[PDB]
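J.: Opening piece of a complex, kept in its complex position:
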Amino acid sequence: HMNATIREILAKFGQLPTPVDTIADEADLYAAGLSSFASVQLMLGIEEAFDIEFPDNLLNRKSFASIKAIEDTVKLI
Amino acid sequence: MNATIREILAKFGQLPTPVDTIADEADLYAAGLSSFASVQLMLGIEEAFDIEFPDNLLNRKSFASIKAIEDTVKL
């Protein structure tokens, strides 16, 4: 379920060209078309949908490189 | 006329001496009436009476003395 939530947010804020249905768990979101500003909205979108807040240690490109990276990060939090 | 002018000149004139000391013929400028006070005074004459000066009589001369003001009003 956590997986699909993240996916809806990625369509909410992500500003990607190809649909989230057309993106695998371990896939390059930045190559896919995730911009800097977008990745920040996405991060805020994640924070809103899961009512959580990231540590500054994970407030970076790495944590949001892929849905799997996102899922693992949210889980590890 | 002098009834209402000594009230305004005291209100907006911002002079060192009180309005009950000016001789109704003496120079208000040598008394201490600054430029910006003088315009607040002009504006006070247009609010206590229902009239606006023409830009012709709208000047230093029309506000030199208290008698200068009063005369201007009738015209």
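T.: Nice, thanks for sending it over. Residues are numbered from 1 along each chain as shown, chains lettered A, B, ... in the order given.

J.: which stretches of chain A form helices?
T.: Secondary structure of chain A (DSSP state H): helices located at A:2-12, A:29-32, A:36-49, A:67-75.

J.: Please write out the alpha-carbon positions of the longest one in CSV.
T.: When you say that, I think you mean helix A:36-49. Output of helix A:36-49 as CSV, limited to C-alpha atoms (Å, rounded to 0.1, in the frame of the first residue of the first chain):
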residue,chain,number,x,y,z
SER,A,36,15.2,19.7,-8.6
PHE,A,37,12.2,21.9,-7.7
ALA,A,38,9.8,19.0,-8.4
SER,A,39,11.8,16.6,-6.2
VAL,A,40,11.3,19.1,-3.4
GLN,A,41,7.5,19.3,-4.0
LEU,A,42,7.5,15.5,-4.1
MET,A,43,9.3,15.3,-0.8
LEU,A,44,6.8,17.7,0.6
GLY,A,45,4.0,15.6,-0.9
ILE,A,46,5.4,12.5,0.7
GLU,A,47,5.7,14.3,4.0
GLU,A,48,2.0,15.4,3.8
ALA,A,49,0.6,12.0,2.7
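
J.: Show the contacting residues for the closest residue to residue A:44 other than its chain neighbours.
T.: Distance criterion CB to CB, 6 or more residues apart in numbering or on different chains; nearest residue to residue A:44, sequence neighbours excluded, is residue A:13 at 7.1 Å. No exception for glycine: its C-beta is placed from N, CA and C like everyone else's. Listed by CB atoms under 8 Å, 6 or more residues apart in numbering or on different chains, the contact set of residue A:13 reads A:38, A:41-42, A:44-45.

J.: Apply 10 Å and report the result again.
T.: When contacts are counted by CB atoms under 10 Å, 6 or more residues apart in numbering or on different chains, residue A:13 touches A:34, A:38-46, A:48-49.

J.: same structure, new chain, call it chain C:
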Amino acid sequence: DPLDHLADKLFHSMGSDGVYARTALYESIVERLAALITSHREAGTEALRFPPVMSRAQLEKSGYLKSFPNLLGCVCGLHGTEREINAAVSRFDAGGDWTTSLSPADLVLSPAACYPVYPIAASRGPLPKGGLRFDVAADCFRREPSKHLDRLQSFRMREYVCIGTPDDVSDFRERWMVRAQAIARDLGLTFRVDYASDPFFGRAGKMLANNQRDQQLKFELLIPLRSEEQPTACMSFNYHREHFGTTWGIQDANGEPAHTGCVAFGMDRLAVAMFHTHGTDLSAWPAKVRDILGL
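T.: Let me put chain C in with the others:
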């Protein structure tokens, strides 16, 4: 408009009337004009350079709101907390209006170069005999959008200011009325000088302008740019009597409230006048003008 053809070589659009990017050609002439004015600076003059903003409190105290409130640019910002600010920004993203969250700072855009000099003069105590003389400059602002190249919202002003007795200022005034004309002549410019008035605001402003004109407190050097019937004021001399001396508590050497006066150079108007008069090809400028400017 006759000046419009100059824009191509002098300016680039910045998406706002009266606010332009300056080309290297344009700036090279502004700089030479500034150096020329400096070469005529009189003895004993203290040079100060002001930023494009000044204290709102100082300007309020100067009386600017009683004269030109409609021309003032105030600095405002988003002063709230992170959530408040984020809310405003969010409204912008949403299509709403973030500017509703703006509140005034303690700063305004300077309307003229001389205002900051009066409290500085006052802080030094009574004036010496002979008074004080200042050379001031600032980027000034006036809220009057226009497409005419001689009517800008942001423009450079250069001023020589005299603070002293009535005789000091009158002597300074006579000198600068002569020198300003001699500068314009050396620059090959055509002009006349006439008395005029500042654009005071409102009905009270009508009396003020009348008094200023009647008392000859303001002279302008006027250059035909778009027409001879509507010339452009490119230099002025302003006599303030004791207005600023009283406002700021400046005492002359006799213990009386100081008089002040200044000669003002509109650097952007003079530059535009040079290009309108002499063209955008510097190599063809009259030899005497080139020599005068050190080209």
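
J.: can you check the contacts of residue A:13 again with chain C included?
T.: Applying CB under 10 Å, 6+ apart, the residues near residue A:13 are A:34, A:38-46, A:48-49.

J.: Including neighbour count and distance to chain C, could the residues you listed go into TSV?
T.: Below are the contacts of residue A:13 laid out as TSV (neighbours: other CB atoms under 10 Å in any protein chain shown; distance: CB to the nearest CB, whole Å):
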residue	neighbour count	distance to chain C
A:34	21	18
A:38	19	13
A:39	20	16
A:40	13	12
A:41	16	9
A:42	23	15
A:43	20	14
A:44	14	10
A:45	20	13
A:46	23	17
A:48	12	12
A:49	16	17
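
J.: Indicate the residue of chain A located nearest to chain B.
T.: residue A:37 (52.5 Å; CB to the nearest CB).

J.: What sits closest to the closest residue to chain B within the stretch 151-295 of chain C if chain neighbours are left out?
T.: With CB to the nearest CB as the measure, residue C:204 is the residue of the stretch 151-295 of chain C nearest to chain B, at 4.2 Å. Nearest residue to residue C:204 in three dimensions, chain neighbours excluded: residue B:39, at 4.2 Å (CB to CB, 6+ apart).

J.: Pull up the gap between that neighbour and residue C:261, please.
T.: Using CB to CB, to the nearest Å, residue B:39 is found at 22 Å from residue C:261.

J.: Could you count how many residues lie near residue 16?
T.: Went with chain A since none was named. Using other CB atoms under 10 Å in any protein chain shown, residue A:16 has 18 other residues around it.

J.: actually it's chain C I care about, not the one you picked
T.: Residue C:16 has 10 nearby residues by other CB under 10 Å.

J.: So it is in contact with residue C:154, correct?
T.: Yes. In this structure residue C:16 lies within contact range of residue C:154 using CB atoms under 10 Å: 9.2 Å.

J.: here's chain D, drop it on:
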Amino acid sequence: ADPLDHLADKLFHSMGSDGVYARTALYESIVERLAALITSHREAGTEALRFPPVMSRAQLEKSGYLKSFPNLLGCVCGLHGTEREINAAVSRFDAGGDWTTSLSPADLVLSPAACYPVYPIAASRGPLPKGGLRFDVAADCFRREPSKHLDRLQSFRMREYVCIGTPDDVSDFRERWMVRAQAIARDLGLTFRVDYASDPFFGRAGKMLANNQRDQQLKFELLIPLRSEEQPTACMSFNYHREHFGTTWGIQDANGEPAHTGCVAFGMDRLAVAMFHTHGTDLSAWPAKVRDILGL
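T.: Time to bring in chain D:
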């Protein structure tokens, strides 16, 4: 106390506002020599533009300044109402109240950095030529951050060289300038180091942008000890924006891809202050080589 404080007497006069000062002839002569020194190092084929202290609010909004530094922005507001309304606002001021309640926003802001207006100008020219475009820009800039420290001003002069082109055009430009700027700083007898850094992006979202900027080394600063050797002051910056502004403004490089941009920025007031902090306020006592470099 701040080691810089004692400089104030020779360099500045108070204007009744922290971070806003009048400049003395002494100070201005050094700002001017520093500007001429920077100009003497300009690369061939660089177009010089000078900007006023205000720019279009619509242009600044579009550049994304509100999502990044909303807290630093200075907007221009004015009394846009009727004569009656304006007179009333003035009358409230005479009666102990606040005239500023009658203000409304203009279409202008005070410029926060000198480069912003250059991007639409470049965009208006069509596709970039091969090698891209380079600009020499300057403006009096504003950032709403009051401080009593002489190295932290609200109104200050910025000088920049800007490159707009392919990723390679821009990264080589930045490397050329990082070397050249350090050589200039050494010629000026300044002590410094160059470290990577990040802009002060605002809020939670800003911590992430700041993290990525640092991680990707998009911003170097040349740092000079003024107040302390532990908290040195950034007096120049070397910035890489990738395609952010090329994308925003629809700028296309000669290959038809969204252009990259970068800039080298000189904080003129910080550099001047650094010179006076480093060599003192008597110019005849400056090292002969420094005087020579500056044409004194």
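
J.: what do you get for the contacts of residue A:13 once chain D is counted?
T.: Per CB under 10 Å, 6+ apart, neighbours of residue A:13: A:34, A:38-46, A:48-49.

J.: can you tell me how far it sits from chain D?
T.: Distance, residue A:13 to chain D, by CB to the nearest CB, to the nearest Å: 11 Å.

J.: Buried residues of stretch C:49-58, list them for me.
T.: Within stretch C:49-58, the residues scored as buried using 16 or more other CB atoms under 10 Å in any protein chain shown are C:49-56, C:58.

J.: Could you identify the most distant pair in these?
T.: C:49 and C:56 (20.4 Å; CB to CB).

J.: hmm, back to that, with the buried residues of stretch C:49-58 in mind, which one is nearest to chain B?
T.: So of those, ranked by how close each gets to chain B (CB to the nearest CB), first place is residue C:58, at 17.4 Å.

J.: next structured bit after the helix or strand encompassing that closest one?
T.: Using DSSP states H and E, residue C:58 falls within helix C:56-62. Next along the chain after helix C:56-62, taking DSSP H and E as the criterion, comes strand C:73-77.

J.: by contact count, what packs against that following strand?
T.: strand C:53-55, helix C:56-62, strand C:103-109, strand D:74-78, strand D:104-110 (3 or more CB pairs under 10 Å, 6 or more residues apart in numbering or on different chains; DSSP states H and E).

J.: Just want the angle from it to helix C:82-94.
T.: 110 degrees (axes from the mean of the first three to the mean of the last three CA atoms, to 10 degrees).

J.: in its sheet, what does strand C:73-77 sit against?
T.: strand C:103-109 (antiparallel), strand D:74-78 (antiparallel) (DSSP bridges).

J.: Flag every buried residue along stretch C:276-290.
T.: Buried residues in stretch C:276-290 (16+ other CB under 10 Å): C:276-278, C:280, C:282, C:285, C:289-290.
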